[PDB]
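>>> Below: the sequence, then the experimentally determined structure.
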Amino acid sequence: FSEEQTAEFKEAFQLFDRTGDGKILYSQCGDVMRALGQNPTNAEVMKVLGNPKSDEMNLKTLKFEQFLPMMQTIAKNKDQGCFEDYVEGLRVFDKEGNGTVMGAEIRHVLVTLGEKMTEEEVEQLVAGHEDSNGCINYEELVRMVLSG
Amino acid sequence: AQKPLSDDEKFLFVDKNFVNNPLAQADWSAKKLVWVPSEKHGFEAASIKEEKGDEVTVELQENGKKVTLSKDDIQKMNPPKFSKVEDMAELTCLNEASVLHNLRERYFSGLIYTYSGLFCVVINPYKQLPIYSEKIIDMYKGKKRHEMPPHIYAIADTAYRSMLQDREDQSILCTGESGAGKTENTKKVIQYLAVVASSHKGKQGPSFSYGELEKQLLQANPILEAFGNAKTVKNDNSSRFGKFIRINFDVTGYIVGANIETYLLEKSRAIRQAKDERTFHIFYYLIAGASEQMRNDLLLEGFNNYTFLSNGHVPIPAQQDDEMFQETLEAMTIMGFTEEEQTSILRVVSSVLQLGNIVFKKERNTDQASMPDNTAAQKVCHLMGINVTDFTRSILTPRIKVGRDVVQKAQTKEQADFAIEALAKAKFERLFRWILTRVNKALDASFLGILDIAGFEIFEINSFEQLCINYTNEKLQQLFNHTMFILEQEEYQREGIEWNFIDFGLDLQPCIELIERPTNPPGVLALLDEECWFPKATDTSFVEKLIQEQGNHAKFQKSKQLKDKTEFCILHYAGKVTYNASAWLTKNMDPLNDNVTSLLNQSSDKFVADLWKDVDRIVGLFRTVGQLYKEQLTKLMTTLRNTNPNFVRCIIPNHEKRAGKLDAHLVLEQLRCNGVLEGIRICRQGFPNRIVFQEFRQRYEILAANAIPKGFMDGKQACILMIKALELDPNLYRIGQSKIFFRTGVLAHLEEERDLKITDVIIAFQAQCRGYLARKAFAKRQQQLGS
Ligand SMILES: Nc1ncnc2c1ncn2[C@@H]1O[C@H](COP(=O)(O)OP(=O)(O)O)[C@@H](O)[C@H]1O
Ligand code: ALF
Ligand SMILES: [Mg+2]
C-alpha cells in the first residue's frame, strides 16, 4: 500500500472514533475495511481478529499501526464474486424466467442463507428497486451493489 | 447427542438426550404387544398369548391380567422409536389408539400442538404454558416447517409465506368443539403476524414497539370481547358470536389493513341468562368499573338492582371485572373511540339494563297492565334522549297503523314487556354492530383469513341460536371433508395420474339439507320461515309440520314425547341434540314496537340518533332471520372456497375445566367426528404436493445441469429427464398432465439441496452487500460532519 494511500488510510481510520483514544473497537474493523473499498466476508474478518467473542468484540480496540497489517492481509485474496456467477445464483429464484424476482423472495434468501443479513439491512438495500408489483431486476441490483 | 434444553424449551421441545437403553429395545421380543379396549384408558398395552382364529388370548402388559378378545379388537403398537412424535403422519402404525397415545404423552409432557399430515391438532392445556413471547416469535420467524417444533406461530408463518410465495390468499380455520380454544389460537395468529409482518418505524415476551396500525390491530379483539363474550357452563369467557378476521398485505408483504365479519350475536342473553351463566362481560364491567361520578351519570345502581342479570352478580375465576373495565377502557382509546365517544357507549349500556326494571302489572279492570311507576322508564327515557309520556303511550298503547288503517290499540301486560324487552334486546345489537364498524373503521393485493366461529355447544334449552350455531359447526366440518378427501382425489383424476379412489366415508351433506335446503324436501329453517307467516300457526304447529316433512329423515328424530314443550332432535356430526322449537317463530321474525322505534329515530341524543338513524326495516303490523343469516353465511362459505385453507383442529381435553386432566374417550371421539385419522391416511396414501412442469424444471434445474440438453424441449419430457438425473424413486412422485404430484417431504429435500447448492454464492454476494451497504452509510455521517 503506497504511502500515498497509507497516508489516507489513516484519514479513514481516524474518521471512525466516537470518543477519541484513536481506537477502533474490534467490531468496527469490518466497516473500516469496507469503507476503504474492501469487501471482506464475515469470516475473512474474524480470521484476522483471532476469532474473538461477541463480548470481547465490543471491548477490544485497535490502533492504525496494528490495523494496517490487517487491511493488506485482506486486500490480497484468492477470489471474489462477479456478475457472471453472482446473478447466476439469484436467477434461480426467478419464478418464471421473467428476469425479475419478488422483492420479498429476494428479501428472504438474503436473510436466511449463509452470512444471514438483517431485516433492516435488506430493506435498505433492495428498497427502491421493487416496481409496482414489488419486482426487482437482479441483473441490475447485482450491478448496483457491485459497480457501486 | 444434542444441545441441552432449558426447562422452558422442554415445553415445545422433545427431550431426546438420554441413553440408548436396550430395555425397550429388548422387550420388543414381546412382539405380541398390542393395543386393546379399556373402559378407563380407551386402550391399553398388552401382549398376545395365543392366536385362536377370529379370537386371540392376551395378557395386559399392565395388570398382569389374562383376557382373550376377538382377533379384531387388538391394535398394532408402534415402536419405542416413535415416542412423543411430531407428525403422526410418521408413526408406521395409524390407529385410533396410537394417534391417541401420542397425543396423550406430548400432552402430559407439556406440548399441546401436534402435526397430523397437513392439518394440526391442539389439545387445550388450560394452563399458562410459556410458549408465546417475542423471544419465541423470532425463533419461528422464517423458520421452515421442520426447522422447529409444531406450534401455532408456525402455522401462521407457514401460511403468511405460502401467500407471498405462490401468490394465493389463505385461511386459517380453527375447528373444535366449544371451549377447545378456537379463540386463543386466533389471538396468537394475529399476535405473530402483527410483528412478523408489520412494517417498523425503523428500530422479551411481549416487549416490543409495534407499528402504528398493528398497535390497533392488536387492541381490537380485546374490545369485541367485551360486548360479545360471556360466562357459560362451558367457558368463563365464551365467544358469543362467530368472527372472521381479514388481514390485508401489500406486494412487499406488509400488513396494511384489516376487516372483521361478525355473525350470530346471541344477544338474547342480554335479557335473561341461564343458570350459572352471565351476560356480556361489559355489563358487569360497567356496574363495577364505573367511576363514582359517571356512576350516577348513567344511573348505575349496584348489582341485583337490575333484573336483566339472572343469578344476580356471578364472579369469574382468575378474572377481576374491576380492572377488566380499565383494560377495555384502555383498549377503546388505543382503538380510537373519542374520550366522550365512550362515555356514551356506556350510558347506552345502563339504558339497556334499566329498561329491565320497567314494570307492567296486569289490570283486572281494563286488563291492560300499566305504568304504576315512573322512575323506571322515567330514567330510561333520559338516557335515550327521548321522552316519557310518548314512550309510555307507545310502550303501552301502540298508536300503530296496520295496512290501510291507523289501528290504534293497546297491548296486554305481557305484550307490554315482550316489547320493552325485545326493544332493549335489539337496542343492544344496534350497539355491537356499531362498535364493530367503528373498530373496522381504523383497522381499514393479498389477505389472510382467520376464522373463529362459535363451537358446537349444546346445553339444556337448545334454542334457535344453538341450532344455527351447531349448524355452522356441521357446515364447516363438511368443508374440511370436501377439501380433504373429495377435492383432492378429483385432481388426481383430472391430471390423470395412476390413482384409484378411496372412500373415507365422511359426509354430512344430508344433515345440512335437513336444515339448509329450501324448496323440494324443505329444511328445518325453511318451514319455520313460512310457517312463521301464518296466523293459525305456533311453534307447536311448526314442529308438528316439522315432523310432517322430515319425519323419517335419516338425520331427524322426535323428542321424548315432550311435544308439550314440542322439541325435536337431529343427528349432527358432534352428536345428537334435542332442540326446543318454542318461541322460534317470534325470534325468526324479530318484531318490535316501531312506535318507540322511530320515537328514538329522531331523539335528542345524537349517539342514539345515529345508532337508530336507520329504522326503515322495523315491523309494525321483510326478510327472515334464518335466511338473512343463511345468506351471508354463503358469502363466507364462498370466499373460503376461494382461498387456501389451513386447519387448526382444537381439541377439548375434559369438561371438568381441569388442567392436567385428560379424558381418553372424550378425546377419542373428537378425533373420530373430526376426521383426523382419514385426514392423515391421504397424506400418507396420496401425493399432497404438486408442481407444474415449468416451475419444476425451473427451481431444481441447478441440481441437474446436464440432464436437459442445450436445445429446447417439451416441458414435461424435458423435466422427466432431470427426474432420472436425481434417480428419484418412482413411488415418491407421480407425473401428471401439466404438473407432477410428489409425496410428502420429497419436495422439501429437493429444496434443501438447492439452497445448499447456492449458499456459498449467497454468502459471497451477502458480503459485497455489507460492503456496498457500508461504504455508503459511512460516507453519509460524513455529510452531517461536512454540514
Ligand atoms: N393455549 C392456551 N393457553 C391458555 N389458555 C388457553 C389455551 N387454549 C385455551 N385456553 C383456555 O381455555 C378457555 C377457553 O378456550 P376458548 O378459546 O375460549 O374456546 P372456544 O373459542 O372454542 O370457545 C380459556 O378461557 C383458557 O383458560
Ligand atoms: F366460545 Al366457543 F366454541 F368459541 F364456545
Ligand atoms: Mg371462542
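The structure has been received and is ready for your questions. Numbering: from 1, shown residues only, chains lettered A, B, ... in the order given. Ligands and ions are numbered 1, 2, ... in the order given.
>>> Looking at chain A, which residue is nearest ligand 2?
Nearest residue of chain A to ligand 2: residue A:104, at 33.6 Å (Cβ to the nearest ligand atom). All C-beta spots, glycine's among them, are computed from the backbone N, C-alpha and C.
>>> doesn't residue B:253 make contact with that residue?
Yes: if you go by Cβ atoms under 8 Å, residue A:104 and residue B:253 touch, sitting 4.5 Å apart.
>>> and the gap between the residue of chain A closest to ligand 2 and ligand 3?
Counting by Cβ to the ion, to the nearest Å, the gap from residue A:104 to ligand 3 is 33 Å.
>>> Compute the number of surrounding residues for that residue.
21 (other Cβ atoms under 10 Å in any protein chain shown).
>>> got the contact list for it?
A:134, B:164, B:251, B:252, B:253 (Cβ atoms under 8 Å, 6 or more residues apart in numbering or on different chains).
>>> would you turn these into JSON lines with neighbour count and distance to residue A:81?
Formatted as JSON lines, the contacts of residue A:104 follow (neighbours: other Cβ atoms under 10 Å in any protein chain shown; distance: Cβ to Cβ, whole Å):
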{"residue": "A:134", "neighbour count": "20", "distance to residue A:81": "25"}
{"residue": "B:164", "neighbour count": "22", "distance to residue A:81": "27"}
{"residue": "B:251", "neighbour count": "18", "distance to residue A:81": "28"}
{"residue": "B:252", "neighbour count": "17", "distance to residue A:81": "26"}
{"residue": "B:253", "neighbour count": "20", "distance to residue A:81": "27"}
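>>> Specify which member of those residues is nearest to residue B:543.
residue B:164 (52.4 Å; Cβ to Cβ).
>>> And the closest one, its phi and psi?
phi -70, psi -10 (degrees, to the nearest 10).
>>> quick one: the residue of chain A closest to ligand 2 from ligand 1, how far?
30 Å (Cβ to the nearest ligand atom, to the nearest Å).
>>> now do residue B:678
Residue B:678 sits 23 Å away from ligand 1, going by Cβ to the nearest ligand atom.
>>> Please apply the same query to residue B:629.
With distances taken as Cβ to the nearest ligand atom, residue B:629 is found 19 Å from ligand 1.
>>> that's a strand at that residue, yeah?
No: counting by DSSP: H, G, I helix; E, B strand; the rest coil, residue B:629 is not found in a strand; it is helix.
>>> Point to the residue nearest the middle of chain B.
Note on chain B: the residue nearest the mean C-alpha position is residue B:452, at 2.6 Å, using Cα atoms, centre = their mean.
>>> Show me what counts as buried in stretch B:60-69.
residue B:61 (16 or more other Cβ atoms under 10 Å in any protein chain shown).
>>> ends of that stretch, how far apart?
12 Å (Cα to Cα, to the nearest Å).
>>> quick one: it to chain centroid distance?
42 Å (Cα atoms, centre = their mean, to the nearest Å).
>>> now stretch B:536-545
The answer for stretch B:536-545 is 34 Å, by Cα atoms, centre = their mean.
>>> Then stretch B:187-205?
On Cα atoms, centre = their mean, the centre of stretch B:187-205 falls 21 Å from the chain's centre.
>>> do that stretch and ligand 1 meet?
No: Stretch B:187-205 lies out of reach of ligand 1 by Cβ under 6 Å from any ligand atom, never closer than 7.9 Å.
>>> would you turn the contacts of residue A:104 into CSV with secondary structure and distance to ligand 1?
Below are those laid out as CSV (DSSP: H, G, I helix; E, B strand; the rest coil; distance: Cβ to the nearest ligand atom, whole Å):
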residue, secondary structure, distance to ligand 1
A:134, coil, 35
B:164, helix, 27
B:251, coil, 34
B:252, coil, 32
B:253, coil, 27
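>>> any idea how far residue A:71 is from the residue most central in space within chain A?
Geometric centre of chain A, nearest residue: residue A:39, 5.2 Å, by Cα atoms, centre = their mean. As judged by Cβ to Cβ, to the nearest Å, residue A:39 and residue A:71 stand 13 Å apart.
>>> Residue B:629 against residue B:265, yeah?
No: judged on Cβ under 8 Å, residue B:629 makes no contact with residue B:265 at a distance of 10.6 Å.
>>> Between the two, tell me which one has more neighbours.
residue B:265 (23 against 17).
>>> could you list every residue that touches the more buried one?
Contacts of residue B:265 by Cβ under 8 Å, 6+ apart are B:228, B:240, B:241, B:429, B:432, B:433.
>>> Could you give the separation of the helix or strand hosting the last one from the chain centroid?
For residue B:433, the element it lies in under DSSP states H and E is helix B:413-439. Centroid separation for helix B:413-439 versus its chain: 26 Å, with Cα atoms, centre = their mean.
>>> who does it touch, helix- and strand-wise?
For helix B:413-439, the packing partners by 3 or more Cβ pairs under 8 Å, 6 or more residues apart in numbering or on different chains; DSSP states H and E come out as helix B:213-224, strand B:255-262, helix B:339-354, helix B:388-396, helix B:594-601, helix B:606-612.
>>> Please name the strands paired to whichever helix or strand comes after that helix in the sheet, noting orientation.
Downstream of helix B:413-439, the next assigned helix or strand under DSSP H and E is strand B:446-452. Strand B:446-452 sits in its sheet next to strand B:170-173 (parallel), strand B:243-249 (antiparallel), going by DSSP bridges.
>>> For chain B, what lies in contact range of chain A?
B:142, B:164-165, B:200, B:202, B:250-253, B:694-695, B:698-699, B:702, B:754-755, B:758-779, B:782 (Cβ under 8 Å from any Cβ of the partner chain).
>>> picking that back up, by neighbour count, sort out the buried ones in the contacts of residue B:265.
B:228, B:240, B:241, B:429, B:432.
>>> In contact with the third one, which residues?
This means residue B:241. Going by Cβ under 8 Å, 6+ apart, residue B:241 touches B:228, B:262, B:263, B:264, B:265, B:266, B:432, B:454.
>>> make it 6 Å
Residue B:241 makes contact with B:228, B:262, B:263, B:264, B:265, according to Cβ atoms under 6 Å, 6 or more residues apart in numbering or on different chains.
>>> Tell me how many other residues crowd the third one.
I take that to be residue B:263. 18.
>>> Quick check, it in contact with residue B:244.
No: the pair residue B:263 / residue B:244 is not scored as a contact, 7.6 Å apart, by Cβ atoms under 6 Å.
>>> Using CSV, please lay out the contacts of residue A:104 together with distance to residue B:3.
Shown next, in CSV, are the contacts of residue A:104 (distance: Cβ to Cβ, whole Å):
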residue, distance to residue B:3
A:134, 38
B:164, 31
B:251, 39
B:252, 35
B:253, 32
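>>> Identify the structural domains in chain A and state their residue ranges.
A:1-79, A:80-148 (curated CATH domains).
>>> quick one, strands of the stretch 551-700 of chain B?
Secondary structure of the stretch 551-700 of chain B (DSSP state E, counting those that start in this stretch): strands at B:556-558, B:567-571, B:576-580, B:644-647, B:650-651, B:689-692.
>>> what sits up against stretch A:88-103?
Stretch A:88-103 is contacted from outside by A:105, A:126, A:130, A:134, A:135, A:136, A:137, A:138, B:702, B:758, B:761, using Cβ under 6 Å, 6+ apart.
>>> same thing with stretch B:414-433?
B:227, B:265, B:267, B:270-271, B:348, B:352, B:355, B:358, B:360, B:369, B:395-396, B:592-593, B:611.
>>> Kindly report the same for stretch B:667-675.
B:42, B:100, B:506, B:573, B:574, B:649, B:651.
>>> Stretch B:74-86 now?
B:14, B:24, B:33-36, B:91, B:93, B:95, B:97-98, B:102, B:105-106, B:150.
>>> near ligand 3, which residues of chain B?
Contact residues, chain B versus ligand 3 (Cβ under 5 Å from the ion): B:182, B:183, B:239.
>>> The residue nearest to the centre of chain B contacts residue B:185, doesn't it?
No: using Cβ under 6 Å, residue B:452 is not in contact with residue B:185; the gap is 8.6 Å.
>>> quick one, phi/psi of residue 129?
If you meant another chain, say so; for now it's chain A. Note on residue A:129: its backbone torsions stand at phi -130, psi 0 [degrees, to the nearest 10].
>>> I was thinking of chain B, sorry if that wasn't clear
Dihedral angles (degrees, to the nearest 10) for residue B:129: phi -60, psi 160.
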